[PDB]
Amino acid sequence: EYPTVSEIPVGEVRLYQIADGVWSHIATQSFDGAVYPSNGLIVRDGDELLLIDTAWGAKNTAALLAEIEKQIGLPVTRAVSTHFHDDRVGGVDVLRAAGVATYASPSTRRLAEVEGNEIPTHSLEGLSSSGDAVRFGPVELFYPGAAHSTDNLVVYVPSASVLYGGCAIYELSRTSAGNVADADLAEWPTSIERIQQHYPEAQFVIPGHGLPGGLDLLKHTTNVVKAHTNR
């Protein structure tokens, strides 16, 4: 019932309603001859929408905006990218051209620039130290510390008890560490524990790639990271 790769062709995007006024968006990308799924979030804020992450590329992100317009019919006025990789910021120029205000932490903006990736316009203050949280419209943004990346943010929707872990949290079917080129393996379990401490009441946990679940995804990710550490 949650959409998988086989159900989403290259260039298409699906929306999945998680709770009232909260959806994930699901897209796919092909690389190195394999196909990968990717998630972001959409949160209603009155008569407008907040977008969390792009749909991994310009073409997908254009399709995302068109699917939002068709299915939901409310304007995306702001978008937050939760770290600097292309699955999170690829498509920011499309958002910007469409009149969406784009945001990321100054840490993410800096790393995107170094990588040659698209750079969200606005800088989110107040997220520089592990454990920091700020409200942004209908969500809380939380910097748990370095994990999948040094800049990774998580997002919580308090009205719906939805925690969007982004790429710091792995789906259950993922048993090996992916590409950890930019990760802080040493800190990742501690950063996960900060998420658990701050959001123990979360009822839905959305990873950056793959199937949602509950808070078990946190300990799952810790297990995978620690096994990789000991490789």
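Each residue number is its position in the shown sequence, starting from 1. Between two forms, the rigid core is the largest collection of C-alphas that superpose within 1.5 Å.
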Of 176-184 and 59-67, which departs more from this form in 9 other deposited structures of this protein by CA RMS after core fitting: 176-184
Mean temperature factor over C-alpha atoms, higher-scoring stretch between 43-51 and 58-66: 43-51
Mean temperature factor over C-alpha atoms, higher-scoring stretch between 80-88 and 134-142: 134-142
Per the PDB entry, maximal CA B factor within 163, 192, 180, 172: 180
Third assignment of residue 38 from its chain's C-alpha B-factors: lowest
Within-chain third of residue 14 by Cα B-factor, per the entry: highest
Third assignment of residue 199 from its chain's C-alpha B-factors: middle
Chain third (lowest, middle, highest) by recorded CA B-factor, residue given as residue 74: highest
Chain thirds of CA B-factor: placement of residue 21: highest
